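Below: one structure, written as C-alpha cells.
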There are 6 protein chains.
Amino acid sequence: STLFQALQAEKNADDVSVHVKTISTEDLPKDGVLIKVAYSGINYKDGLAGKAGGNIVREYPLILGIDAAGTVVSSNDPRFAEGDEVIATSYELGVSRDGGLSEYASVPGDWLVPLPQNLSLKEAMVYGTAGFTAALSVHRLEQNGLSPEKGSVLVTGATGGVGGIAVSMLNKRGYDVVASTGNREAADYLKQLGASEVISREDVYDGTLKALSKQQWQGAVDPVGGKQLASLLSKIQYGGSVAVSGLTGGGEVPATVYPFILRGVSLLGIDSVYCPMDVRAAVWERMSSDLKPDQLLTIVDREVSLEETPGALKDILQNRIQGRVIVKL
Amino acid sequence: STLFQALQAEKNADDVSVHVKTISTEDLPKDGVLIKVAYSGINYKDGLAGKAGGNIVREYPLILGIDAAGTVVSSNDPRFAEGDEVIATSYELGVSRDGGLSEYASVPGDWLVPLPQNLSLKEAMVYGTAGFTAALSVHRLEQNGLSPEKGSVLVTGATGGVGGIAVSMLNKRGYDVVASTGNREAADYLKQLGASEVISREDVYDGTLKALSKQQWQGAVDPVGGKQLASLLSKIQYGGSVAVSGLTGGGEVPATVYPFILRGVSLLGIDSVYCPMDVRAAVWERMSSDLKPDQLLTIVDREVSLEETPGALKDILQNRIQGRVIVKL
Amino acid sequence: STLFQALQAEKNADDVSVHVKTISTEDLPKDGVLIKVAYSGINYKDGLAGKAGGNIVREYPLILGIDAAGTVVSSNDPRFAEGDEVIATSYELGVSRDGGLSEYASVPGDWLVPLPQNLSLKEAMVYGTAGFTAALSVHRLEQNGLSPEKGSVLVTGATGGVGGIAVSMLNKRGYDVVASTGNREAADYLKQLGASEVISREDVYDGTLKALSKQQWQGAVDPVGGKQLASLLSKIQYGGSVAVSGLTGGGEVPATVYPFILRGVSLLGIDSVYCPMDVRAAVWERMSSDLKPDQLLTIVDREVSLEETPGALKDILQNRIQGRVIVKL
Amino acid sequence: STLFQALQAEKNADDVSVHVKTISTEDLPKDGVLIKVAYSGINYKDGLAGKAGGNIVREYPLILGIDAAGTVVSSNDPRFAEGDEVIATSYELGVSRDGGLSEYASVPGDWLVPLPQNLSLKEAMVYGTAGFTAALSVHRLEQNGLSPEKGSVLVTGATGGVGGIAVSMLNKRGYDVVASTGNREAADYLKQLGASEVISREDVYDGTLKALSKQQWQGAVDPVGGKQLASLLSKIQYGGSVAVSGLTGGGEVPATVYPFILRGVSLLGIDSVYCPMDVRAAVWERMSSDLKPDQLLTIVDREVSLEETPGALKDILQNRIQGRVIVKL
Amino acid sequence: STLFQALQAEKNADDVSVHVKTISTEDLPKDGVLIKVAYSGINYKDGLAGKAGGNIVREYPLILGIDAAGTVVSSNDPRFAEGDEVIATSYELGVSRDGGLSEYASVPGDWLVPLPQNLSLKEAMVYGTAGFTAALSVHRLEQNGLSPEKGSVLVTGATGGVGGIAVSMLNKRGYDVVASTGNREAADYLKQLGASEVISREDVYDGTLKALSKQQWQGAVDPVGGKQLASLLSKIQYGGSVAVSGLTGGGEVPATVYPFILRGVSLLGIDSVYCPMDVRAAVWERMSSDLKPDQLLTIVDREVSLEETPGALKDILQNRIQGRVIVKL
Amino acid sequence: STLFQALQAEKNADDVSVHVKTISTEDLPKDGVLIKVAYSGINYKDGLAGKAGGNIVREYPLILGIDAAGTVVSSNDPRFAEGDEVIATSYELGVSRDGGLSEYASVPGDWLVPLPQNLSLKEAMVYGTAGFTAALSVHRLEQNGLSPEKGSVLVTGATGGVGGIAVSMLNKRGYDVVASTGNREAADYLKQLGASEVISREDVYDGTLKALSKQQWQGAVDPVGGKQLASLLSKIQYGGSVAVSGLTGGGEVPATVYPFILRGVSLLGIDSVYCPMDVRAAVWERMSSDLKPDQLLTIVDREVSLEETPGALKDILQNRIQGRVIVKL
C-alpha cells in the first residue's frame, strides 16, 4: 500500500556498497504473498551476499534476505490468509528475489512454512537458516543411525551459527556433545550451550591426514568442511555419520575411502536452500519440541536493528559474532 | 568325528601355497555351531587371502572362506537346531578364522543367518558377500531417498562381483540401470543382467575432476573408488546418494564438498564385514523377495568343485571371471 | 437379587411422567453384563427421552441414562470379570434400552469400554456423551489435517455440552481456541476453560450466506448446525474441516459447495451413538492423556443425586445448565 | 532458443479469441523451469479459460494450459536435471501463468512432480486434472473409512472427465462401482470402464429431497454437486464419505444436517488446484500402481494436435466429449 | 415375513433329538439384525450342541449354527443396510442364541463382520469358525515371532477343519508344513492342502513325556490338547510358539516350563468365540488376501442341504468328515 | 599384560570351592573385547554355578559373572572403540565362559550392548540379569495385549531378583501391581517398590487345582512356576498373558487347557540367556526410560567388594537377600 524501510545491496560498476533505501509495495514482486516480516535475516550467506566478489547474487537491484518470519498482510493465494504467522527462508530469498532483511516481503506460498505452535516469530528467527541447517543435519544423521549411546558426537565450527545451535540441539536430545573451536576461553560458553567437552581445532586436525586414525566420535556436525573433514571421517566410529554444510577453513576434501569401506561411515550433505517442503515442515516441527533446547536465547549475540545491519553484515565473515544476530522490524 | 576336504592356505617363509587338505572335525574350534556346508564361493578377498601381499590375512595357517551356506549338523547353542539351513558370511571367517571354502565349518551362532524361505543354498551362494554388499548398498541408498522415479541410477565397475549383481537388483526393483565398464564387448552381458544403458569408464571419469558437473544419475553403486568417485559425486542429481564399498581403482578420493552442500548429496559407506545381525537378516530377506532378480543364475560363471578351487582363486585375481564363481561341495 | 433405585420414565396415555422407583435385579434385561453404576450424568438427549415429543424413545417402560461408568458385579460374559471398572455409553442405552441413570444397569459386553488408567469413574462422567462427542470431533478433524499450527479453531455453541468440553480439549492439545456463544458475561468462563478470543454468534453468522467469505478459522467444532454452519463453511481456511454432531441452530444447512471445491474444506459428521468399539476405545485413550485438560472439573456445573434428577431433566432442555451435571449414586 | 507453436487466448474488447500462435522462448517467464511439453492439457476448466464470461482468467494475454507432462530442457533450479520426465499440473498454469497446451512451457520447480516409474508421458496426460481429481477423491475418501467391504460406491456424473476415471480406479482397487449418467446407451461404455451397475440420473435424485433416505452406497465420488448432492448425502450408509470437486448441476447444495449427525457421513471437498506437493506426489504414485486401472486407455475419446484444439476447446463445455480428449506435441 | 426352514434341537423326554422344523420370522429373537443366511457349516462345536452330554447348549429349544453368511433383509440398526453381505460367527450364536443353520437369522450388529471383498458367500463358509480359528492361530503366532525361514511348523489333527485349513494357510504364507494325523492314507489329501511332510500321532507323541526333547519344529498349530501338547512343547525350537485351540482327546497338559525357561517358547490360547471386533475384522481380511490359499475347495468334503444337516452333525464327532462340510441354503 | 582380581571357580576332585585368585590379561580368551568391569555380577544363577551339583557350569576353568558393565579398554573388533561403555550379559558368560565378577573380562562384541544414555554403569547392574528378565517379561506380555486399563497385574516371588524389580517396572508404566510374597511382614517393602496390594502365596495357590477358576488378574509375572502356575493360569482374565522365567518351588506344571482355549490366555516363555541382539538392545533401551522406576536404588539390598563375593554366593540360594547385590570394582 505504502512505503517501508529496506536493506538493499546495490552494484556500482564493479563495487557493491549496501544501502538502507525506502521501498514501496509496488516495487515488490507481483507473484507472492505479502508479509510483514518483523524479524531477522542475517547469516554468513548474507555476509557474502553484501560483499563484492562473493559468488552468490548476479542481478544486483536486490534486497538482501535469507531468513524471515512474519505475519501475512495480503495474499492472492488461497493457501494463506491475513493474520497467518509464517516462516520464509531459503530458495531464492536474498539470492535472486527480494528477501527478508526488510520490512515487508513478497514471497511465494510454496516457500512458506506456517509457524510452529511452540515457537514465536522471534524464536524461529533465533534459529534462522543456521538453525534450520543444524536441525536438518541432526535429522539426516538420525536417519543413518545416530543415537545417544553408541558414542559422543563432535561438533566442529562451534561459536558459529550452525555449530553453536547444533551443540544445543544435541544436548537437549541427550547426546554427549564435543565442541571444537579455534578460539580459547570460549569453553565457558559452549558448556553453557550444552557441550560436555571443549577441544581445540588441532584435536580434530593436527597430525594431518591419516587413512584410519582411531575411533573417537560416533557422529559429527561439520560446518567446517575442508582438510579437517578428511581427518574427521578417519576418526569416526563404526556405522557413524558426518553432516557437512560448511565452507569455513577449506573447500577441497582429501578424503581417503577406508573409513567408508572398512568402518562403514557415511558423509551426509546438508542443503538448507532447496530442501523439500514435507522435509522442511517436519524439521521445523522438531525445532519446536524434540530438538528445541533449553538454551535457544543464549546463542543470541546482538539484538540488532535494521539500521545496525550494514555494520553487522561484515561482523560475520570475520569471527566477530559469537552465536547469531537477530534483526527487529 | 569324520574327515573332510578343506581348501587351506599356509605361508612357507614369504610365500603362500594354498592346497586341498584332509582335516578332522577336532581341528575346527569347539566354539560355535558345526555346519556341513555344501555350497561356497570365491570373492576378490578370497583371492587376496590366498596370495602373499593380499593384505587381509596376518596369521596364515587358516582355511579360506568368507561365504558359506549349509545345514547345522551339531549345535551346543540352543538358538540353532540340527537340520537348520543357515548362511555363514562375513565377520571373521577366511580372514582370521577358518571359513566356508571347505566341507564342514565351525562358526558361532551369532553370525549365522537362517536361510530365507524363497532362497536355496545354491541361490544364496550365487549372491555371497558380493550379493550382500550390492543389496546393502541399495538398502542404505533407499534410506537416504533412492527412488525409481527420481533418475537413472549409475553402476560403477560393472561385470565385477558386486557391480554385476547390483545391476540385476536395481532392475528388479524398478530402477533405470546405467552400467559403467572399461571392458568393451561386455555390454551384451550387462543388458542381460538388467542394464538399460552401457557406458564406459571414460563417461564417468576421464575429463578429470571438476567440482559441480551436469546432473546425470541421482545415485550410484560404486565398487571402484579413487579419483573416479570424486568425478562421480559432482554428476549426482539433487538429494542423491552414492554407495562405495570398493577401492579397486585408486585409494584417495579428492572430494570437492560442493555437491554435498549445494546439491545435498550423500556419500554412504557400506561394510558387509561387520554389518549388524539386525540389518543383515533384513537385507537377506530383501534378497529373497523384492531385490531377488529374475536373472539370478545368469550371474553364475561356472560351477566349481573343491578340487578346482585353487585355480579359480587365481582366476579372480586376474580377469578370467565375468560373473560369479560358486563352489559345490 | 437386590432392590435398587432407578430413574424410570413412563407414558400414561399421552404424557411422560418420569419418576424414581424401586426396581429389582431380576427385572433388568437378562442378556448382558450387570454393572453397579455409582456415577451417571445429565445429557440433552436424556431430557428429550424424559419428555413427550422428544423423539428418542419409542416404547415407554424405560429407565433413562445413555451414560454410565461403574464396576462389574454379576458377569456371564467371559470378557469381563468381577471388579472391572467400565464405561457404559451410547448405542441403545437410555434410548431403547434401560440406561445408566440408575443403581445397577444391564448393559451387554460389546458396548462396555474398560476405564482408562488416567481416569476415574467420576472423571469419565465429567465427560459423558458430551465429552466423547467433543473428543471424537477433534479425533475426526485431525484425521483430515487439523494441526495446532495451521490456524485457530472455532468452537460454536460454547457453554453447552459439546462446546464447553471441546474448548478445553483443543486448548490442552495446543490449539488457539476461538469460542462462539450467544451469552455475554460468559466470556470470562470460556477463557477459564481455555478459550483465547471470545466472539458472538453473529461473528459467525450475521452477513447471511456469502459462499466464499474471508478465511478466518482453520477448523470448527460445531454442535449448532443450521444456517450458521453454511456461513461457517465459507469462512474456513484452506484444507480445513468442520465437525457437526448437533442441530441446535437448525436442521437445514444451505451449503454453497464452493468451500469444498475451491477451498478444499470438509464437513465431517460425528455420531457418538454407534461409534465402532476400536475407535471408541482409542478415543477414550486420548480422553485420558492427549485431550485431558488441566481444568476438567471446571466444566462440572453441579453434582446431583439420583432422587434429584427429575428436576435436573427439567433444568436441562434450558439455558440454565452451564457445562455438565454429573449424577452421584 | 527457437520459436514454437502455442495455444494463446486474447480478449480484445469483449470477445475471447483463442488462436494457435508462434511464441518465442524469451516470452516465457524467466523464473520457471523450461520443459519441452509432451502430450495434452484439455479440461473443462480450459474451456471456461477459453470462453468469455467464465471467470477464471483475469489478465487475458495468456497461454492456456493446466496439465502438462514433458521433459526438462534447461534448469537454473538444481532440483531438476536436463532429461527429467516431469508433470506440470494445476496451481497456476493456464489461469494466471502460462500453461501447457503448447510446445515448451516455463513452470517453477515447486509445482513439478517427477513422472512415476510405472507411468508414461501419455498415461499421465490421459489422467490430467480429471485423473488427479478423481484419484485425490478416492484418496481423501479412504482417509475417512472408505473400504471395499462396506458397500457399493457411487460415481455420479460418469462418462465425463472426473467421473469416467473415478469408475476405473475404483474398480481396480476392488470396489463394486455404481455409475450414474443423464444419458442412456452409454451403459456399455461404463461397464467397460469397470462399473458393476449402471443407473440413471433420476435414480440418485428425482423424487425430491429427504432428510434421511434408504442407505444405498457407503461412498460417493461426486463431480456433479447441486441439488443431486443433497439427496445423495441422505442415501449414504453409516460412517460413509462423499467427495465433491465438481460444481456441475448447480452450485447450491440444500443439505440437511441429519446424515452427518445421525449416520456419521462426511462431505469431503477435493481441490486439485492447490494440493500440496507432499500429498500430490503420494497421489501420483498411487495413480501408477494402487489406482492404475487395467483399461486406462478407454477413457481417451480422441487424440488431437496443437492445431485443431480450439475446436476441441469448444467441444468441451457443451458435453460432446465421452471421456477425455488428449493433445500431442 | 412368513415361514422358513431351521435346524433345531429339542430336549423331548429329557433327551436331544435334533430335526428340521418350520419356524416363522416372528419366532426369532427381535433384538438383532435380520439376515437371509446363504451357506453355513458344521463344526465340532455344533456336534456337541446337538447331542446330550455336549456342554454347549444349556436351555434348549434352540437353532444350532455358530456359523452364518448372507445378506441383510431388514435392519433396525443404522450401521447396516439392506443388501449388506455379512458374516455371523461365534459369541452366542448356536450356543445361547439361535444360530445360522437356518434360512433367516437374527443377530445383533456388534457380532457382524462385513464380507471381505476377495471372498464370496460360499468361500466365507468354507472357513467358518474353524477357518477363523486357524487364521487367528497364525495371526497370534506371527505376533510372537513365527517366521517362514525360522523352521518347519507342525499341524496336529490336520484331517479336521481347524487343522486342514491351517495347513493350507501356512503353505500359502510360505511355511514348511508338517501335518500330523492319526489316520493314514489321508497323507495324499494333506499334501494337496499344502503339507510338505506327513506324520503320525506316534512320531509326535507315543507315550513317554520328556522335559526337553530334540528340537524339531519352529512352531505348532494345535487343535488337540492333552499329553500330545506337552510332548510338542519339548520339541519346539528357540523362540517358538504353540497355538492351542482344541480339546480332541485330552484336557490336562503336563507342562514342565523347561521349554518356556530354557528354550523360551510361548503357549498361546486361541478363542474364536469372544474375539474382539478389532481383531476379528483384521483376521477376516487376512483370510481374503495373504492367508487365503489357492486350494480352499480341496478342504471341502461335501456340500449338503439343510435337511441333510442332522446326519452331518453325527458324521462329525466320529471322525468321518475329511475337512469341512458346507450347507447351502 | 598385567594382573587383576577374579572370582575363579575350581573343581578339585569332586568338590567345587570358588576363590578370589590373581589372573593376568593374557590368561583371558584372546578373541573377545577387553573391558574393565565396573559393577556387579551376583545372581541366583551364579550360586548354583559355584556349587557342586548345581548343573550350570560344565568344565571348570571358569570365572563367575553372567552380569558385567564396564568400559572398553582396547579392541581389535572395529565395532567397538576404546572408551565405549558397554554391558556384558548372558549368553556363555559365567556358564561356559569367564564372567563379569572380575576386573577385566574378555567377551566378544556380538554380546555387547552400548550402555543406554539414561543408565549408569551402576544402574545397569542394579538391574542385571534378574531385571532384564523382568523387563523382557513386560515386553513380551505387552506384545500379547497387556495394558494398564485391562486389569491388575500379578507378581509372584516378590522379594526375589526378577519379581522385585518387576513390581517397580509395572508400577512405573501405570499398571496396578499385586505382589505375592513367601514370607509375611515384608508388605511395606513392596509398597516402596510400587505394589498397591500385597497378598500371600495361598491367595494365588492354596486349594489345589481347578480347570477354570474365577478371573482376577489379566496378566502375571511369574518367576515361581510349578504347581502354583497351573492354578495361576485358571485365575487370569480374558485375552490375558503370563510370563514365566523361574523354576523356584516346582518344575512340573499340571496345567489344563481351558484357560487357553476358552479365555484366550497365553503362557509366554522368557529366556534372558540367548535373547537376540535385536530384542536385547530394545529392552535395555526401555529400561532407561519406559520401564525405569523412580525407586531403582531401593531394590539395592547391599553393595559388596570383589573379595567378599564368595560369602555372598552362600548368602543366596537360601532366602537371606531381599533385592539385589552389587559388586564395586
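Note on naming: chains are A, B, ... as they come in the C-alpha cells, residues start from 1 per chain, ligands start from 1 in the order shown.
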Compile the residues of chain A that lie within 8 Å of chain D, evaluated using only C-alpha atoms, and express the compilation as a PyMOL selection string. chain A and resi 79+110+274+277-278
Requested write-out: N, CA and C atoms of the selected residues, as an mmCIF file, in the first residue's frame:
data_model
loop_
_atom_site.group_PDB
_atom_site.id
_atom_site.type_symbol
_atom_site.label_atom_id
_atom_site.label_comp_id
_atom_site.auth_asym_id
_atom_site.auth_seq_id
_atom_site.Cartn_x
_atom_site.Cartn_y
_atom_site.Cartn_z
ATOM 1 N N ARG A 79 -4.125 -20.585 -0.096
ATOM 2 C CA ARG A 79 -3.408 -21.374 0.911
ATOM 3 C C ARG A 79 -3.042 -20.564 2.153
ATOM 4 N N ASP A 110 4.675 -21.284 -1.824
ATOM 5 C CA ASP A 110 5.329 -22.591 -1.883
ATOM 6 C C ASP A 110 6.540 -22.682 -0.957
ATOM 7 N N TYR A 274 17.395 -25.574 -0.937
ATOM 8 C CA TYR A 274 16.334 -26.194 -1.733
ATOM 9 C C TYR A 274 15.768 -27.472 -1.105
ATOM 10 N N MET A 277 9.474 -29.340 0.839
ATOM 11 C CA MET A 277 8.501 -28.805 1.799
ATOM 12 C C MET A 277 8.114 -29.746 2.941
ATOM 13 N N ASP A 278 7.869 -31.013 2.609
ATOM 14 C CA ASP A 278 7.479 -32.020 3.599
ATOM 15 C C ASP A 278 8.601 -32.318 4.595
#
Name all residues at most 9 Å from region 164-167 of chain C (count only C-alpha atoms; drop same-chain ones fewer than 6 positions away) and give them as a PyMOL selection string. chain C and resi 127+130-131+133-135+137-138+154-155+157-158+177-179+190+193-195+221+293+296+299+322-324
Write out, as an mmCIF file, in the first residue's frame, the residues just selected, with N, CA and C atoms.
data_model
loop_
_atom_site.group_PDB
_atom_site.id
_atom_site.type_symbol
_atom_site.label_atom_id
_atom_site.label_comp_id
_atom_site.auth_asym_id
_atom_site.auth_seq_id
_atom_site.Cartn_x
_atom_site.Cartn_y
_atom_site.Cartn_z
ATOM 1 N N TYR C 127 -16.955 -36.046 31.464
ATOM 2 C CA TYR C 127 -17.070 -36.053 30.011
ATOM 3 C C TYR C 127 -18.467 -36.491 29.577
ATOM 4 N N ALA C 130 -21.257 -35.943 25.948
ATOM 5 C CA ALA C 130 -20.823 -34.612 25.519
ATOM 6 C C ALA C 130 -19.301 -34.489 25.420
ATOM 7 N N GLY C 131 -18.595 -35.154 26.331
ATOM 8 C CA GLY C 131 -17.134 -35.200 26.307
ATOM 9 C C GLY C 131 -16.609 -36.111 25.213
ATOM 10 N N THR C 133 -18.275 -36.889 22.451
ATOM 11 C CA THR C 133 -18.643 -36.243 21.191
ATOM 12 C C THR C 133 -17.633 -35.154 20.822
ATOM 13 N N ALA C 134 -17.157 -34.429 21.833
ATOM 14 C CA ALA C 134 -16.149 -33.387 21.650
ATOM 15 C C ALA C 134 -14.785 -33.974 21.293
ATOM 16 N N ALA C 135 -14.475 -35.137 21.866
ATOM 17 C CA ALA C 135 -13.211 -35.825 21.612
ATOM 18 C C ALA C 135 -13.197 -36.513 20.252
ATOM 19 N N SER C 137 -14.900 -35.517 17.763
ATOM 20 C CA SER C 137 -14.830 -34.394 16.832
ATOM 21 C C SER C 137 -13.380 -34.069 16.479
ATOM 22 N N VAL C 138 -12.572 -33.788 17.502
ATOM 23 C CA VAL C 138 -11.146 -33.483 17.335
ATOM 24 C C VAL C 138 -10.401 -34.648 16.675
ATOM 25 N N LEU C 154 -12.468 -22.629 15.637
ATOM 26 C CA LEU C 154 -13.685 -22.065 16.208
ATOM 27 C C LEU C 154 -14.516 -23.156 16.881
ATOM 28 N N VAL C 155 -15.019 -22.853 18.074
ATOM 29 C CA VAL C 155 -15.948 -23.735 18.774
ATOM 30 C C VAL C 155 -17.264 -22.990 19.009
ATOM 31 N N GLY C 157 -21.356 -22.614 19.782
ATOM 32 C CA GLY C 157 -22.231 -23.191 20.799
ATOM 33 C C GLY C 157 -21.497 -23.547 22.077
ATOM 34 N N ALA C 158 -20.486 -22.746 22.411
ATOM 35 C CA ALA C 158 -19.726 -22.905 23.648
ATOM 36 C C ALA C 158 -20.619 -22.606 24.849
ATOM 37 N N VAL C 177 -7.889 -21.542 20.724
ATOM 38 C CA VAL C 177 -9.323 -21.830 20.714
ATOM 39 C C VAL C 177 -10.187 -20.569 20.710
ATOM 40 N N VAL C 178 -10.873 -20.337 19.594
ATOM 41 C CA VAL C 178 -11.860 -19.266 19.496
ATOM 42 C C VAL C 178 -13.232 -19.852 19.831
ATOM 43 N N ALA C 179 -13.924 -19.232 20.782
ATOM 44 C CA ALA C 179 -15.225 -19.721 21.234
ATOM 45 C C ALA C 179 -16.358 -18.768 20.866
ATOM 46 N N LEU C 190 -15.368 -18.920 29.594
ATOM 47 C CA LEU C 190 -14.800 -19.625 28.443
ATOM 48 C C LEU C 190 -13.278 -19.512 28.395
ATOM 49 N N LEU C 193 -12.001 -21.984 30.726
ATOM 50 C CA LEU C 193 -11.997 -23.311 30.107
ATOM 51 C C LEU C 193 -10.769 -23.517 29.221
ATOM 52 N N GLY C 194 -10.314 -22.439 28.584
ATOM 53 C CA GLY C 194 -9.109 -22.470 27.758
ATOM 54 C C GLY C 194 -9.239 -21.771 26.416
ATOM 55 N N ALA C 195 -10.263 -20.931 26.277
ATOM 56 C CA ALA C 195 -10.511 -20.220 25.024
ATOM 57 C C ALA C 195 -9.771 -18.889 24.954
ATOM 58 N N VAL C 221 -15.482 -27.022 15.570
ATOM 59 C CA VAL C 221 -16.333 -27.972 16.278
ATOM 60 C C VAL C 221 -17.689 -27.288 16.432
ATOM 61 N N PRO C 293 -7.860 -32.200 29.842
ATOM 62 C CA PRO C 293 -7.482 -30.837 30.204
ATOM 63 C C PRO C 293 -7.038 -30.711 31.660
ATOM 64 N N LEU C 296 -10.825 -29.488 33.547
ATOM 65 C CA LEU C 296 -11.717 -30.656 33.649
ATOM 66 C C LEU C 296 -12.912 -30.462 34.592
ATOM 67 N N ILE C 299 -15.757 -27.606 34.161
ATOM 68 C CA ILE C 299 -16.951 -27.847 33.345
ATOM 69 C C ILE C 299 -18.132 -28.306 34.207
ATOM 70 N N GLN C 322 -24.860 -24.639 32.871
ATOM 71 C CA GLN C 322 -23.618 -24.184 32.258
ATOM 72 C C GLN C 322 -22.532 -25.244 32.450
ATOM 73 N N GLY C 323 -22.389 -26.116 31.456
ATOM 74 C CA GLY C 323 -21.397 -27.187 31.495
ATOM 75 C C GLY C 323 -22.015 -28.569 31.567
ATOM 76 N N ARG C 324 -21.665 -29.313 32.615
ATOM 77 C CA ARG C 324 -22.140 -30.684 32.789
ATOM 78 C C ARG C 324 -22.655 -30.935 34.205
#
To test your reading of the structure, identify every residue in region 131-282 of chain B that backbone DSSP assigns to strand (DSSP E or B), and report it as an MDAnalysis selection string. chainID B and resid 153:155 177:180 197:199 219:221 241:243 253:255 266:268
Written selection (N, CA, C and O atoms) as a CSV table (one decimal), in the first residue's frame:
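Final output, out_10.csv:
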chain,number,residue,atom,x,y,z
B,153,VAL,N,19.9,-44.7,-12.1
B,153,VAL,CA,21.0,-45.0,-11.2
B,153,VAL,C,22.2,-45.6,-12.0
B,153,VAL,O,22.1,-46.4,-12.8
B,154,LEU,N,23.4,-45.0,-11.6
B,154,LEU,CA,24.6,-45.4,-12.2
B,154,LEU,C,25.2,-46.7,-11.4
B,154,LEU,O,25.0,-46.8,-10.2
B,155,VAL,N,25.8,-47.6,-12.2
B,155,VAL,CA,26.5,-48.7,-11.6
B,155,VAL,C,28.0,-48.7,-12.1
B,155,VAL,O,28.3,-49.1,-13.2
B,177,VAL,N,18.7,-48.7,-15.0
B,177,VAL,CA,20.1,-49.1,-14.7
B,177,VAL,C,21.1,-48.6,-15.8
B,177,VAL,O,20.9,-48.9,-17.0
B,178,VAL,N,22.1,-47.8,-15.4
B,178,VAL,CA,23.2,-47.3,-16.3
B,178,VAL,C,24.5,-48.0,-15.8
B,178,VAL,O,25.0,-47.5,-14.8
B,179,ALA,N,25.0,-49.0,-16.5
B,179,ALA,CA,26.2,-49.7,-16.1
B,179,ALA,C,27.4,-49.1,-16.7
B,179,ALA,O,27.4,-48.7,-17.9
B,180,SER,N,28.5,-49.0,-16.0
B,180,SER,CA,29.8,-48.5,-16.4
B,180,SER,C,30.9,-49.5,-16.3
B,180,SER,O,31.1,-50.1,-15.3
B,197,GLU,N,21.3,-49.1,-20.2
B,197,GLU,CA,22.3,-48.4,-21.0
B,197,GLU,C,23.7,-48.8,-20.4
B,197,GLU,O,23.9,-48.8,-19.2
B,198,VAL,N,24.6,-49.0,-21.4
B,198,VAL,CA,26.0,-49.4,-21.0
B,198,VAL,C,27.0,-48.3,-21.5
B,198,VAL,O,27.1,-48.0,-22.7
B,199,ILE,N,27.7,-47.7,-20.5
B,199,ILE,CA,28.6,-46.7,-20.8
B,199,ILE,C,30.1,-47.1,-20.4
B,199,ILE,O,30.2,-48.1,-19.7
B,219,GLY,N,21.9,-41.4,-8.2
B,219,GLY,CA,22.5,-42.4,-7.3
B,219,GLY,C,23.5,-43.3,-8.0
B,219,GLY,O,23.5,-43.4,-9.3
B,220,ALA,N,24.4,-43.9,-7.3
B,220,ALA,CA,25.4,-44.8,-7.8
B,220,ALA,C,25.9,-45.9,-6.8
B,220,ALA,O,26.2,-45.6,-5.7
B,221,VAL,N,25.9,-47.1,-7.3
B,221,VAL,CA,26.7,-48.2,-6.6
B,221,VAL,C,28.1,-48.1,-7.2
B,221,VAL,O,28.3,-48.2,-8.4
B,241,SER,N,22.4,-40.0,-3.5
B,241,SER,CA,23.3,-40.8,-2.6
B,241,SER,C,24.2,-41.8,-3.3
B,241,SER,O,23.8,-42.4,-4.3
B,242,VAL,N,25.4,-41.9,-2.9
B,242,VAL,CA,26.4,-42.8,-3.5
B,242,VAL,C,26.9,-43.8,-2.5
B,242,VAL,O,27.3,-43.5,-1.4
B,243,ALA,N,26.9,-45.1,-2.9
B,243,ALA,CA,27.4,-46.2,-2.1
B,243,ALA,C,28.7,-46.7,-2.7
B,243,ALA,O,28.7,-47.3,-3.8
B,253,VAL,N,40.3,-40.3,-2.5
B,253,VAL,CA,39.2,-39.7,-3.2
B,253,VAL,C,39.2,-38.1,-3.0
B,253,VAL,O,38.8,-37.7,-1.9
B,254,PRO,N,39.6,-37.4,-4.0
B,254,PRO,CA,39.7,-35.9,-3.9
B,254,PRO,C,38.3,-35.3,-3.9
B,254,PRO,O,37.9,-34.7,-5.0
B,255,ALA,N,37.6,-35.4,-2.8
B,255,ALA,CA,36.2,-34.8,-2.7
B,255,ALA,C,36.2,-33.3,-2.8
B,255,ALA,O,37.2,-32.7,-2.4
B,266,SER,N,24.8,-37.4,-0.6
B,266,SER,CA,25.4,-38.1,0.5
B,266,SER,C,26.3,-39.3,0.0
B,266,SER,O,25.9,-40.1,-0.8
B,267,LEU,N,27.5,-39.4,0.6
B,267,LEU,CA,28.4,-40.5,0.3
B,267,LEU,C,28.3,-41.5,1.5
B,267,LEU,O,28.8,-41.3,2.6
B,268,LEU,N,27.7,-42.7,1.1
B,268,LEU,CA,27.4,-43.7,2.1
B,268,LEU,C,28.4,-44.8,2.1
B,268,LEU,O,28.8,-45.3,1.0
CA of residue 298 (chain A) to CA of residue 327 (chain A): how many Å, to one decimal?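 Between CA of residue 298 (chain A) and CA of residue 327 (chain A) the gap works out to 15.6 Å.
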Taking the DSSP secondary structure from the backbone, can you list the residues of region 59-288 of chain F that are helix (DSSP H, G or I), as number ranges by chain? F: 123-127, 129-142, 148-150, 161-173, 187-193, 227-233, 258-261, 277-286
Spatial neighbours of residue 250 (chain C), 7 Å, only C-alpha atoms, chain gap at least 3 places, as a list in words: residues 225, 226, 227 and 247 of chain C
Find the spatial neighbours of residue 74 (chain B), counting only C-alpha atoms, within a cut-off of 7 Å - ignore same-chain residues fewer than 5 positions away - and output them as an MDAnalysis selection string. chainID B and resid 33:34 82
Which distance in Å separates CA of residue 205 (chain E) and CA of residue 235 (chain E), to one decimal?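 Separation between CA of residue 205 (chain E) and CA of residue 235 (chain E): 10.5 Å.
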Residue 50 (chain D) surroundings by only C-alpha atoms, 7 Å radius, close-in-sequence under 2 positions cut, as a PyMOL selection string: chain D and resi 9+16+18+46-48+52
Taking 4 positions as the minimum chain separation for residues in the same chain, which residues sit within 9 Å of residue 263 (chain D) when counting only C-alpha atoms? Answer as a list in words.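 Non-adjacent residues within range: residues 269, 270, 271 and 274 of chain C; 236, 237, 238, 239, 240, 258 and 259 of chain D; 78 and 79 of chain E.
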Do a neighbour search on residue 21 (chain E) at 7 Å with only C-alpha atoms, toss out local chain neighbours closer than 4 positions, and write the hits as a list in words.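 Non-adjacent residues within range: residues 5, 6, 7 and 8 of chain E.
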